[PDB]
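Trainee: Please see the structure below; I have some questions.
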Amino acid sequence: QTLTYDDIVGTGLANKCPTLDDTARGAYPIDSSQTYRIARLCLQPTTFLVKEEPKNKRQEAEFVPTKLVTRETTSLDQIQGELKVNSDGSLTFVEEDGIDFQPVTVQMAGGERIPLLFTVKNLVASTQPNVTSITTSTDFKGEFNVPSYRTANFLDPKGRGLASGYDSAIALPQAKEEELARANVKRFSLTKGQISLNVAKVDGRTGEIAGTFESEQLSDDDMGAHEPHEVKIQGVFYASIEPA
Amino acid sequence: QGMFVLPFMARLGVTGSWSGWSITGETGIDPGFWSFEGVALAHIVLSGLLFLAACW
Amino acid sequence: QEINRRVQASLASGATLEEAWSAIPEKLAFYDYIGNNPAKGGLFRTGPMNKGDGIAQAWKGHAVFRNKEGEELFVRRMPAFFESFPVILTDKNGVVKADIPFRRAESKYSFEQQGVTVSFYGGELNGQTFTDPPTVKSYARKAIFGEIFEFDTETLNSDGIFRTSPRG
Amino acid sequence: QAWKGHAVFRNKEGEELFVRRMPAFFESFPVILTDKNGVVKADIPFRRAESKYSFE
Amino acid sequence: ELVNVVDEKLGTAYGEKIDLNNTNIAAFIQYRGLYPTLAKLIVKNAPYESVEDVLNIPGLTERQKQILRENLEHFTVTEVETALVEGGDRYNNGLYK
Ligand code: CLA
Ligand code: CLA
Ligand SMILES: CC1=C(/C=C/C(C)=C/C=C/C(C)=C/C=C/C=C(C)/C=C/C=C(C)/C=C/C2=C(C)CCCC2(C)C)C(C)(C)CCC1
Ligand SMILES: CC1=C(/C=C/C(C)=C/C=C/C(C)=C/C=C/C=C(C)/C=C/C=C(C)/C=C/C2=C(C)CCCC2(C)C)C(C)(C)CCC1
Ligand SMILES: CCCCCCCS[C@@H]1O[C@H](CO)[C@@H](O)[C@H](O)[C@H]1O
Ligand SMILES: CCCCCCCS[C@@H]1O[C@H](CO)[C@@H](O)[C@H](O)[C@H]1O
Ligand SMILES: CCCCCCCS[C@@H]1O[C@H](CO)[C@@H](O)[C@H](O)[C@H]1O
Ligand SMILES: CCCCCCCS[C@@H]1O[C@H](CO)[C@@H](O)[C@H](O)[C@H]1O
Ligand SMILES: [Ca+2]
Ligand SMILES: [Ca+2]
């Protein structure tokens with residue numbers, strides 16, 4: 001039955017979420033007197049779409065396909081948190097910890113590279129009210145935090161940074177500073193993302209669920225040097241629910 | 001954009017780049033070898049082979 | 001040294017600090033600026049010195065830095081060897097009192113911590129005082145080059161990088 | 001970058017006025033607005049002193 | 001105007017004391033008795049509306065509370081700065097010797 005590290009190593013399978021049999025169409029009872037957790041949440045992105053930015057501003061921009069260039073390094077996994085049963089019988093997942101982010105670079109037609117911090121950091125996601133069992137009709141929707149793709153020590157190629165680094169363009173000792181302020185003064189972004197988790201499979205007996213997700217968030221803004229893009233990520237997920 | 005040869009490639013069916021765009025504005029098209037770059041490459045190689053033949 | 005001599009003579013004879021500095025010829029202050037040192041150029045940095053720091057327009061005046069305690073602080077000047085140099089201010093005895101840190105997490109001497117201010121005597125800025133850290137830091141960065149000048153960088157599209165003079 | 005949209009000109013009476021277009025031959029061209037029947041209704045004058053048709 | 005938020009924080013109490021809401025955890029080595037046991041509890045239970053709230057952390061022994069009272073004059077609190085607390089930076093801020 002079960003794979004070891006040596007069976008998996010270098011195959012690509014380590015970046016894949018667990019799947020459930022087509023047979024898994026059951027219902028997982030929620031006892032509202034019981035406390036629960038998600039012991040493992042896994043998100044495997046299969047598509048990154050980036051919202052093109054028109055000059056038009058007439059007609060809406062579309063989300064376009066992109067090519068992943070950072071290889072099989074994209075999934076979020078080993079994530080855990082409390083699954084609260086709320087007074088209206090809705091469930092709320094409160095992400096606590098795990099491998100809950102991955103830097104990802106995707107490339108648009110024509111070469112523009114779009115790095116992003118693909119993440120569900122601090123996810124708080126909730127189902128519909130009265131979810132007395134988790135079934136293939138359950139979904140979770142919620143919000144998460146998207147911190148700056150680089151953290152505060154990151155130094156640009158000229159040595160400039162937020163918590164470290166020069167604070168000016170030292171190669172242009174007598175340039176007028178005003179035109180360079182946006183490059184010289186690093187800023188740390190913190191914005192919100194949104195995600196939907198759509199259950200497609202439930203094993204009533206094991207507490208395991210799998211489905212598809214779609215999340216939306218901003219990409220890297222290079223510590224405030226440029227405007228971020230809007231990204232939409234789609235893929236599959238797996239979670240194991242446990243009494244706890 | 002002052003493009004003089006690009007339209008001649010486009011007139012006969014070369015509309016995509018290896019980098020993923022097309023002149024009609026599509027994304028994720030795969031043009032095969034015969035993108036604008038592959039046409040440019042084929043002509044450069046042709047040139048070299050012709051030059052060598054001239055020497056002979 | 002000559003500028004300081006003249007200012008001290010002015011003060012001794014009873015001038016105010018503003019008047020003492022206002023008596024310094026702009027021509028003299030301009031020789032006390034590293035942008036005019038011929039050992040600050042580059043072999044392929046071509047043209048007039050004006051192409052680099054810009055066409056000099058006016059002396060800003062003499063910058064005097066002070067910390068929150070009101071002690072006079074002195075910016076350490078850039079020696080000609082150095083293409084870039086840190087910003088370090090000491091008291092009259094060479095003790096370090098303020099700087100622009102690189103790593104911030106264990107900074108002790110930041111201008112924000114030490115409440116560094118700058119006041120100008122003579123030149124364009126005579127009588128003015130700036131207390132906001134970005135502006136005070138900006139002037140401290142210029143004080144490493146010696147006396148501070150206003151430049152026109154637009155007319156020649158000057159790039160900000162020092163060139164040598166005909167002496168070099 | 002973008003179409004500004006179609007400009008419709010009108011005089012103080014509300015009549016639609018049409019700007020006379022530049023023919024290719026002309027490097028420069030006067031600014032003259034006529035009603036739908038080609039009658040002149042407004043223009044940008046060169047000499048102002050006996051102007052009758054200024055936009056003002 | 002664009003502002004460097006770390007430099008700006010240095011002109012508040014964060015630049016003068018251990019900020020229970022922001023300061024990296026090695027800073028608690030400065031005073032007897034704070035590191036690693038209390039330092040960990042403090043960072044873990046942050047942010048605090050006021051310095052005294054540090055006395056309200058659950059499970060504390062009496063000796064621990066007393067150590068906290070003796071050290072309140074070395075503590076401050078300021079608003080949480082995202083640039084200082086992201087990245088797990090309060091635990092490891094990339095500075096060694
Ligand atoms: C080996 C085959 C080959 C192929 C498949 C291509 C293909 C291409 N070339 Mg390249 N090319 C080649 C060889 C080739 N070329 C050679 C040997 C040269 C050196 C002379 C070139 C030099 C060249 C240039 C300078 C250009 C191209 C361009 C192009 C593109 C448009 C072609 C076009 O519009 O032609 C148009 C051709 C005609 C209209 C042919 C006219 C034939 C006349 C009317 C015949 C008169 C005599 C005839 C005997 C009359 C009796 C006929 C009988 C049937 C009744 C296309 C990608 C263009 C481009 O996009 O470059 C990037 C371009 O500008 N090529
Ligand atoms: C003693 C020679 C001499 C000196 C000291 C100067 C000095 C100056 N000139 Mg004048 N000039 C000269 C001769 C000189 N000039 C000559 C002969 C002409 C006619 C070409 C000019 C025409 C001229 C113009 C038109 C201008 C100046 C300007 C200037 C200023 C900028 C200089 C600069 O940017 O250099 C840059 C120097 C270099 C980039 C170094 C070049 C090094 C070469 C390329 C090395 C070659 C290596 C060799 C090929 C190796 C061989 C290897 C082999 C043996 C194996 C400076 C005051 C500028 C100015 O500000 O005017 C008001 C200006 O616009 N000059
Ligand atoms: C000036 C002018 C003119 C004229 C012009 C001309 C006439 C030009 C020409 C141009 C040309 C005529 C160009 C050419 C180019 C070419 C090239 C660029 C080539 C390349 C090649 C190569 C690179 C190759 C390689 C090789 C070999 C050799 C061998 C085999 C293999 C190989 C492929 C590798 C006119 C009248 C219009 C008027 C205006 C001005
Ligand atoms: C088919 C085809 C095609 C086309 C093709 C072509 C058009 C081709 C051509 C080809 C060619 C065009 C070829 C050529 C070749 C050449 C050669 C092979 C040469 C050689 C040479 C030599 C060998 C020389 C030598 C020498 C020298 C170099 C020096 C001096 C001395 C001597 C003389 C010895 C295409 C792509 C459309 C696609 C489909 C298929
Ligand atoms: C004959 C080989 C020529 C080398 C071709 C270079 C790659 S192809 C090149 O890629 C760029 C970046 O994606 C695009 O922006 C550009 O439109 C495209 O022509
Ligand atoms: C010296 C360059 C040789 C590189 C050739 C790469 C071929 S790539 C290949 O090309 C075919 C013809 O267009 C297409 O039909 C096919 O879909 C494409 O994958
Ligand atoms: C002289 C060797 C250089 C030749 C490079 C061959 C490019 S081959 C080219 O690659 C594209 C992606 O870049 C694909 O869309 C396309 O199917 C393929 O034909
Ligand atoms: C942040 C700007 C406010 C403080 C003034 C900056 C120091 S002084 C400043 O230095 C520039 C070279 O960097 C010169 O081009 C300019 O003429 C001069 O006004
Ligand atoms: Ca479903
Ligand atoms: Ca410029």
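Simple scheme: letters A, B, ... for chains in structure tokens order, numbers from 1 for residues in each chain, numbers from 1 for ligands in the order shown.
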What parts of segment 6-147 of chain C does DSSP call strand (DSSP E)? I'd like the answer as a count of residues only.

Mentor: 30

Trainee: Can I get the residues close to ligand 7 as a PyMOL selection string, where close means within 6 Å and we count only C-alpha atoms and all ligand atoms?

Mentor: chain B and resi 18-19+30-33

Trainee: What does the file look like for those residues with C-alpha atoms, as a PDB file, in the first residue's frame?

Mentor:
ATOM      1  CA  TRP B  18       7.682  31.466 -29.241  1.00  0.00           C
ATOM      2  CA  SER B  19       7.171  33.728 -26.294  1.00  0.00           C
ATOM      3  CA  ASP B  30       1.872  27.683 -29.533  1.00  0.00           C
ATOM      4  CA  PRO B  31       3.007  28.504 -33.021  1.00  0.00           C
ATOM      5  CA  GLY B  32       5.410  25.572 -33.471  1.00  0.00           C
ATOM      6  CA  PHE B  33       8.773  26.223 -35.044  1.00  0.00           C
TER       7      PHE B  33
END

Trainee: Pick from B:39, B:23, B:49, B:54: nearest to ligand 6, with only C-alpha atoms and all ligand atoms counted?

Mentor: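 Closest candidate: B:39.
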
Trainee: Can you work out which residues are within 8 Å of ligand 8, considering only C-alpha atoms and all ligand atoms, and then hand them over as a PyMOL selection string?

Mentor: (chain A and resi 173-178) or (chain C and resi 53-54+56-57+60+134-136+138-139+141-142+148-153+160)

Trainee: Mind dumping the selected residues with N, CA, C and O atoms as a short mmCIF file (atom, residue, chain, number, x, y, z; two decimals), in the first residue's frame?

Mentor:
data_model
loop_
_atom_site.label_atom_id
_atom_site.label_comp_id
_atom_site.auth_asym_id
_atom_site.auth_seq_id
_atom_site.Cartn_x
_atom_site.Cartn_y
_atom_site.Cartn_z
N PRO A 173 25.76 59.94 -6.36
CA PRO A 173 25.87 60.75 -5.16
C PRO A 173 25.24 62.13 -5.21
O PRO A 173 24.80 62.60 -4.13
N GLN A 174 25.18 62.78 -6.37
CA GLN A 174 24.62 64.14 -6.40
C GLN A 174 23.33 64.21 -7.27
O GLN A 174 22.97 65.28 -7.79
N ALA A 175 22.69 63.05 -7.47
CA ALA A 175 21.37 63.09 -8.17
C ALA A 175 20.32 63.72 -7.23
O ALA A 175 20.46 63.67 -6.00
N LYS A 176 19.34 64.39 -7.83
CA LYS A 176 18.17 64.87 -7.08
C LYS A 176 17.35 63.69 -6.56
O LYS A 176 16.97 62.82 -7.33
N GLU A 177 17.15 63.63 -5.25
CA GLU A 177 16.55 62.46 -4.55
C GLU A 177 15.10 62.24 -4.87
O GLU A 177 14.61 61.10 -4.82
N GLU A 178 14.38 63.32 -5.18
CA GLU A 178 12.90 63.23 -5.33
C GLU A 178 12.45 62.22 -6.36
O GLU A 178 11.51 61.44 -6.10
N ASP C 53 27.64 66.76 -10.94
CA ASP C 53 26.76 67.30 -9.87
C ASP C 53 25.83 68.41 -10.37
O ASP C 53 24.88 68.73 -9.72
N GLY C 54 26.09 68.99 -11.54
CA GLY C 54 25.20 69.99 -12.07
C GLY C 54 25.88 71.35 -12.14
O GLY C 54 27.06 71.46 -11.77
N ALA C 56 26.56 74.67 -10.54
CA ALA C 56 26.38 75.26 -9.19
C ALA C 56 25.66 76.63 -9.30
O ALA C 56 26.07 77.48 -10.11
N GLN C 57 24.61 76.82 -8.48
CA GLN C 57 23.76 78.05 -8.52
C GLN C 57 23.97 78.97 -7.32
O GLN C 57 23.98 80.16 -7.49
N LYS C 60 24.15 76.93 -0.04
CA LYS C 60 22.96 76.80 0.80
C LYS C 60 23.23 77.43 2.15
O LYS C 60 22.30 77.67 2.90
N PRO C 134 13.88 62.88 7.73
CA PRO C 134 14.30 62.75 6.31
C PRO C 134 15.11 63.93 5.76
O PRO C 134 16.10 63.72 5.06
N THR C 135 14.72 65.16 6.11
CA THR C 135 15.40 66.34 5.64
C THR C 135 16.77 66.49 6.31
O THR C 135 17.72 66.95 5.66
N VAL C 136 16.83 66.20 7.62
CA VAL C 136 18.10 66.36 8.37
C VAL C 136 19.10 65.32 7.80
O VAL C 136 20.28 65.61 7.60
N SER C 138 19.07 64.06 4.79
CA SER C 138 19.43 64.54 3.44
C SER C 138 20.56 65.50 3.48
O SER C 138 21.50 65.36 2.68
N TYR C 139 20.47 66.48 4.37
CA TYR C 139 21.60 67.42 4.50
C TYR C 139 22.89 66.79 5.05
O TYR C 139 23.98 67.21 4.68
N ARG C 141 23.84 63.75 4.52
CA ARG C 141 24.44 63.07 3.33
C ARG C 141 25.28 64.02 2.45
O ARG C 141 26.30 63.55 1.89
N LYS C 142 24.85 65.30 2.30
CA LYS C 142 25.57 66.32 1.52
C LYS C 142 26.78 66.87 2.27
O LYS C 142 27.77 67.26 1.64
N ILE C 148 27.62 72.81 1.28
CA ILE C 148 26.45 72.31 0.52
C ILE C 148 25.97 73.38 -0.49
O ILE C 148 25.80 74.56 -0.13
N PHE C 149 25.71 72.97 -1.73
CA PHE C 149 25.33 73.91 -2.80
C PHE C 149 24.06 73.51 -3.47
O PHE C 149 23.73 72.31 -3.43
N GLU C 150 23.33 74.47 -4.03
CA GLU C 150 22.18 74.18 -4.91
C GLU C 150 22.72 74.02 -6.35
O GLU C 150 23.47 74.84 -6.79
N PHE C 151 22.30 72.99 -7.09
CA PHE C 151 22.78 72.81 -8.44
C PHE C 151 21.62 72.79 -9.42
O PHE C 151 20.52 72.28 -9.11
N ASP C 152 21.89 73.27 -10.62
CA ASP C 152 20.97 73.05 -11.74
C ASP C 152 21.45 71.78 -12.46
O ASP C 152 22.53 71.79 -13.10
N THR C 153 20.67 70.70 -12.31
CA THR C 153 21.02 69.42 -12.93
C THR C 153 20.22 69.19 -14.21
O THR C 153 20.43 68.20 -14.91
N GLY C 160 24.68 63.27 -11.80
CA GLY C 160 24.84 63.03 -10.38
C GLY C 160 26.18 62.44 -9.97
O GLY C 160 26.37 62.17 -8.79
#

Trainee: Identify, counting only C-alpha atoms and all ligand atoms, the protein, DNA and RNA residues located within 6 Å of ligand 1, and give them as a PDB file with N, CA, C and O atoms, in the first residue's frame.

Mentor:
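pocket-v8.pdb, freshly written:
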ATOM      1  N   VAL B   5       8.831  44.155 -42.115  1.00  0.00           N
ATOM      2  CA  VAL B   5       8.746  42.686 -42.428  1.00  0.00           C
ATOM      3  C   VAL B   5       7.717  41.876 -41.655  1.00  0.00           C
ATOM      4  O   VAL B   5       7.163  40.858 -42.200  1.00  0.00           O
ATOM      5  N   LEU B   6       7.441  42.291 -40.409  1.00  0.00           N
ATOM      6  CA  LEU B   6       6.414  41.618 -39.616  1.00  0.00           C
ATOM      7  C   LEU B   6       5.075  41.415 -40.446  1.00  0.00           C
ATOM      8  O   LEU B   6       4.462  40.339 -40.423  1.00  0.00           O
ATOM      9  N   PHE B   8       4.690  41.018 -43.619  1.00  0.00           N
ATOM     10  CA  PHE B   8       4.851  40.017 -44.659  1.00  0.00           C
ATOM     11  C   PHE B   8       4.862  38.630 -44.083  1.00  0.00           C
ATOM     12  O   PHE B   8       4.389  37.683 -44.721  1.00  0.00           O
ATOM     13  N   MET B   9       5.384  38.485 -42.872  1.00  0.00           N
ATOM     14  CA  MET B   9       5.294  37.190 -42.227  1.00  0.00           C
ATOM     15  C   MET B   9       3.830  36.892 -41.904  1.00  0.00           C
ATOM     16  O   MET B   9       3.344  35.763 -42.182  1.00  0.00           O
ATOM     17  N   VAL B  39      11.167  31.870 -38.296  1.00  0.00           N
ATOM     18  CA  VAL B  39      11.358  32.371 -39.657  1.00  0.00           C
ATOM     19  C   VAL B  39      12.690  33.123 -39.727  1.00  0.00           C
ATOM     20  O   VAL B  39      13.474  32.974 -40.676  1.00  0.00           O
ATOM     21  N   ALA B  40      12.922  33.974 -38.730  1.00  0.00           N
ATOM     22  CA  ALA B  40      14.162  34.797 -38.731  1.00  0.00           C
ATOM     23  C   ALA B  40      15.345  33.846 -38.690  1.00  0.00           C
ATOM     24  O   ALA B  40      16.298  33.986 -39.475  1.00  0.00           O
TER      25      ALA B  40
END

Trainee: Could you give me, as a list in words, the residues within 7 Å of segment 78-95 of chain A, counting only C-alpha atoms and dropping anything in the same chain fewer than 3 positions from it?

Mentor: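 Once the nearby chain positions are removed, what remains is residues 32, 35, 36, 37, 38, 39, 40, 41, 42, 98, 99, 100, 122, 123, 124, 125, 126, 127, 128, 129, 130, 131 and 132 of chain A.
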
Trainee: Write out as a list in words every residue belonging to chain E that has an atom at most 12 Å from any atom of chain A, counting only C-alpha atoms.

Mentor: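 Residues of chain E within 12 Å of chain A, counting only C-alpha atoms: residues 1, 2, 3, 4, 5, 6, 7, 8, 9, 10, 81, 82, 83, 84, 85, 86, 87, 88, 89, 90, 92, 93, 94 and 95 of chain E.
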
Trainee: Store the residues of this selection in a file with N, CA, C and O atoms, as a short mmCIF file (atom, residue, chain, number, x, y, z; two decimals), in the first residue's frame.

Mentor:
data_model
loop_
_atom_site.label_atom_id
_atom_site.label_comp_id
_atom_site.auth_asym_id
_atom_site.auth_seq_id
_atom_site.Cartn_x
_atom_site.Cartn_y
_atom_site.Cartn_z
N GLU E 1 4.15 61.79 1.04
CA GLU E 1 5.56 61.35 1.26
C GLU E 1 5.61 59.86 1.61
O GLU E 1 4.78 59.36 2.36
N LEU E 2 6.58 59.17 1.03
CA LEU E 2 6.82 57.75 1.32
C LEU E 2 7.65 57.73 2.60
O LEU E 2 8.50 58.58 2.80
N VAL E 3 7.41 56.78 3.49
CA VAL E 3 8.15 56.77 4.76
C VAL E 3 8.76 55.38 4.95
O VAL E 3 8.09 54.34 4.73
N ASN E 4 10.01 55.34 5.40
CA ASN E 4 10.57 54.08 5.88
C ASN E 4 10.01 53.79 7.31
O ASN E 4 10.29 54.56 8.23
N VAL E 5 9.19 52.74 7.46
CA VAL E 5 8.46 52.61 8.74
C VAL E 5 9.36 52.16 9.90
O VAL E 5 9.04 52.42 11.08
N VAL E 6 10.50 51.53 9.59
CA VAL E 6 11.41 51.09 10.65
C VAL E 6 12.14 52.31 11.17
O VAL E 6 12.19 52.54 12.38
N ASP E 7 12.66 53.14 10.26
CA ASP E 7 13.36 54.36 10.75
C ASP E 7 12.42 55.19 11.62
O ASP E 7 12.82 55.74 12.65
N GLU E 8 11.20 55.37 11.13
CA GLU E 8 10.19 56.15 11.85
C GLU E 8 9.95 55.54 13.26
O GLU E 8 9.90 56.26 14.27
N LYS E 9 9.84 54.21 13.34
CA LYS E 9 9.65 53.52 14.63
C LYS E 9 10.79 53.80 15.59
O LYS E 9 10.58 53.93 16.82
N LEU E 10 11.99 54.03 15.05
CA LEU E 10 13.14 54.33 15.91
C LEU E 10 13.00 55.66 16.63
O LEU E 10 13.66 55.87 17.63
N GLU E 81 3.98 46.76 14.10
CA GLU E 81 4.49 47.11 12.76
C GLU E 81 4.66 45.83 12.00
O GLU E 81 5.51 44.98 12.33
N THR E 82 3.83 45.67 10.96
CA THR E 82 3.87 44.50 10.09
C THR E 82 5.30 44.20 9.63
O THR E 82 5.67 43.07 9.54
N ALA E 83 6.09 45.23 9.32
CA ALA E 83 7.46 44.96 8.76
C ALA E 83 8.40 44.25 9.80
O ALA E 83 9.33 43.55 9.41
N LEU E 84 8.11 44.41 11.09
CA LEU E 84 8.94 43.89 12.17
C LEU E 84 8.46 42.51 12.64
O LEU E 84 9.25 41.77 13.20
N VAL E 85 7.21 42.11 12.34
CA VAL E 85 6.63 40.88 12.91
C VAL E 85 6.33 39.84 11.90
O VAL E 85 6.15 38.65 12.24
N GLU E 86 6.28 40.25 10.64
CA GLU E 86 6.21 39.24 9.62
C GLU E 86 7.53 38.47 9.54
O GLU E 86 8.58 38.90 10.09
N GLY E 87 7.51 37.41 8.77
CA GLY E 87 8.71 36.67 8.47
C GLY E 87 9.22 35.84 9.66
O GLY E 87 10.32 35.28 9.60
N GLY E 88 8.41 35.72 10.73
CA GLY E 88 8.92 35.14 11.96
C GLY E 88 10.06 36.03 12.47
O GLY E 88 10.88 35.59 13.29
N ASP E 89 10.12 37.28 12.02
CA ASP E 89 11.28 38.09 12.42
C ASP E 89 11.49 38.38 13.91
O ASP E 89 12.60 38.69 14.32
N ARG E 90 10.43 38.29 14.72
CA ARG E 90 10.62 38.53 16.16
C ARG E 90 11.44 37.40 16.83
O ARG E 90 11.98 37.60 17.91
N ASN E 92 13.74 35.42 14.75
CA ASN E 92 15.05 35.41 14.05
C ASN E 92 14.99 36.54 13.03
O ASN E 92 14.23 36.47 12.07
N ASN E 93 15.68 37.67 13.33
CA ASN E 93 15.62 38.85 12.45
C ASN E 93 16.86 38.98 11.50
O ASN E 93 17.13 40.05 11.00
N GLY E 94 17.51 37.85 11.22
CA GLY E 94 18.69 37.75 10.34
C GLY E 94 19.95 38.35 10.93
O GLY E 94 20.95 38.46 10.21
N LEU E 95 19.92 38.78 12.20
CA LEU E 95 21.13 39.35 12.84
C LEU E 95 21.72 38.28 13.79
O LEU E 95 21.01 37.76 14.67
#

Trainee: Write out as a ChimeraX atom specification the residues lying within 12 Å of residue 70 of chain C, counting only C-alpha atoms and excluding same-chain residues fewer than 2 positions away.

Mentor: /C:64-68,72-73,91,97,114-119

Trainee: Just N, CA, C and O atoms for this one: save the residues we selected as a PDB file, in the first residue's frame.

Mentor:
ATOM      1  N   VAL C  64      24.818  73.332  10.533  1.00  0.00           N
ATOM      2  CA  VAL C  64      25.284  72.976  11.874  1.00  0.00           C
ATOM      3  C   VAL C  64      24.307  71.949  12.390  1.00  0.00           C
ATOM      4  O   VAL C  64      23.078  72.209  12.451  1.00  0.00           O
ATOM      5  N   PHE C  65      24.823  70.770  12.721  1.00  0.00           N
ATOM      6  CA  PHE C  65      23.980  69.693  13.224  1.00  0.00           C
ATOM      7  C   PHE C  65      24.050  69.725  14.765  1.00  0.00           C
ATOM      8  O   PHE C  65      25.096  70.031  15.332  1.00  0.00           O
ATOM      9  N   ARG C  66      22.934  69.402  15.413  1.00  0.00           N
ATOM     10  CA  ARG C  66      22.832  69.346  16.881  1.00  0.00           C
ATOM     11  C   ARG C  66      21.986  68.145  17.256  1.00  0.00           C
ATOM     12  O   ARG C  66      21.041  67.830  16.551  1.00  0.00           O
ATOM     13  N   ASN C  67      22.282  67.498  18.383  1.00  0.00           N
ATOM     14  CA  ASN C  67      21.388  66.434  18.843  1.00  0.00           C
ATOM     15  C   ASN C  67      20.317  67.001  19.796  1.00  0.00           C
ATOM     16  O   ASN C  67      20.266  68.201  19.974  1.00  0.00           O
ATOM     17  N   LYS C  68      19.466  66.138  20.362  1.00  0.00           N
ATOM     18  CA  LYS C  68      18.374  66.594  21.268  1.00  0.00           C
ATOM     19  C   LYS C  68      18.937  67.350  22.476  1.00  0.00           C
ATOM     20  O   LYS C  68      18.307  68.266  22.955  1.00  0.00           O
ATOM     21  N   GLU C  72      26.697  70.413  19.541  1.00  0.00           N
ATOM     22  CA  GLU C  72      27.072  70.445  18.128  1.00  0.00           C
ATOM     23  C   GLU C  72      27.702  69.091  17.677  1.00  0.00           C
ATOM     24  O   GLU C  72      28.588  68.545  18.362  1.00  0.00           O
ATOM     25  N   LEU C  73      27.181  68.553  16.567  1.00  0.00           N
ATOM     26  CA  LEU C  73      27.688  67.338  15.932  1.00  0.00           C
ATOM     27  C   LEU C  73      28.314  67.645  14.556  1.00  0.00           C
ATOM     28  O   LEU C  73      27.906  68.603  13.870  1.00  0.00           O
ATOM     29  N   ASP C  91      30.870  64.182  18.241  1.00  0.00           N
ATOM     30  CA  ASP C  91      30.994  65.481  18.919  1.00  0.00           C
ATOM     31  C   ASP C  91      32.359  66.029  18.622  1.00  0.00           C
ATOM     32  O   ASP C  91      33.139  65.379  17.915  1.00  0.00           O
ATOM     33  N   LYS C  97      28.092  60.212  17.873  1.00  0.00           N
ATOM     34  CA  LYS C  97      26.818  60.611  18.485  1.00  0.00           C
ATOM     35  C   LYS C  97      25.572  60.277  17.667  1.00  0.00           C
ATOM     36  O   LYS C  97      24.463  60.264  18.223  1.00  0.00           O
ATOM     37  N   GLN C 114      18.419  60.105  18.304  1.00  0.00           N
ATOM     38  CA  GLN C 114      19.241  61.189  18.894  1.00  0.00           C
ATOM     39  C   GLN C 114      18.641  62.590  18.693  1.00  0.00           C
ATOM     40  O   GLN C 114      19.189  63.584  19.217  1.00  0.00           O
ATOM     41  N   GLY C 115      17.496  62.668  18.015  1.00  0.00           N
ATOM     42  CA  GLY C 115      16.765  63.951  17.745  1.00  0.00           C
ATOM     43  C   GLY C 115      17.671  64.956  17.041  1.00  0.00           C
ATOM     44  O   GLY C 115      17.799  66.131  17.446  1.00  0.00           O
ATOM     45  N   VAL C 116      18.343  64.501  15.969  1.00  0.00           N
ATOM     46  CA  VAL C 116      19.322  65.341  15.302  1.00  0.00           C
ATOM     47  C   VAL C 116      18.575  66.415  14.538  1.00  0.00           C
ATOM     48  O   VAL C 116      17.571  66.138  13.871  1.00  0.00           O
ATOM     49  N   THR C 117      19.051  67.656  14.656  1.00  0.00           N
ATOM     50  CA  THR C 117      18.509  68.729  13.845  1.00  0.00           C
ATOM     51  C   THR C 117      19.617  69.398  13.017  1.00  0.00           C
ATOM     52  O   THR C 117      20.814  69.238  13.298  1.00  0.00           O
ATOM     53  N   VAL C 118      19.231  70.179  12.021  1.00  0.00           N
ATOM     54  CA  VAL C 118      20.222  70.990  11.317  1.00  0.00           C
ATOM     55  C   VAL C 118      19.745  72.442  11.152  1.00  0.00           C
ATOM     56  O   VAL C 118      18.582  72.690  10.791  1.00  0.00           O
ATOM     57  N   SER C 119      20.639  73.384  11.426  1.00  0.00           N
ATOM     58  CA  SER C 119      20.374  74.819  11.223  1.00  0.00           C
ATOM     59  C   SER C 119      21.414  75.401  10.269  1.00  0.00           C
ATOM     60  O   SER C 119      22.603  75.061  10.363  1.00  0.00           O
TER      61      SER C 119
END

Trainee: Separation of atom CA of residue 59 of chain C and atom CA of residue 130 of chain C, in Å?

Mentor: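 Taking atom CA of residue 59 of chain C as the start and atom CA of residue 130 of chain C as the end point, the length is 17.0 Å.
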
Trainee: Select the residues contacting ligand 3 at a distance of at most 7 Å, based on only C-alpha atoms and all ligand atoms, then format the selection as a list in words.

Mentor: residues 44, 45, 46, 47, 48, 49, 51 and 52 of chain B

Trainee: Report as JSON, numbers by chain which protein, DNA and RNA residues come within 7 Å of ligand 9, using only C-alpha atoms and all ligand atoms.

Mentor: {"A": [136, 137, 138, 139, 198, 199, 200]}

Trainee: Need the shell around segment 18-33 of chain E: protein/DNA/RNA residues with any atom at most 12 Å away, counting only C-alpha atoms. Skip same-chain ones fewer than 6 positions apart. Format as a VMD selection string?

Mentor: (chain C and resid 104 to 106) or (chain E and resid 6 9 to 10 12 39 to 54 63 to 97)

Trainee: What residues of the protein or nucleic acid chains come within 7 Å of ligand 10 when you use only C-alpha atoms and all ligand atoms? Reply as a ChimeraX atom specification.

Mentor: /C:154,157-159

Trainee: Ligand 2: which residues are within 8 Å, counting only C-alpha atoms and all ligand atoms, as a list in words?

Mentor: residues 43, 44, 45, 46, 47, 48, 49, 165, 166, 167 and 168 of chain C
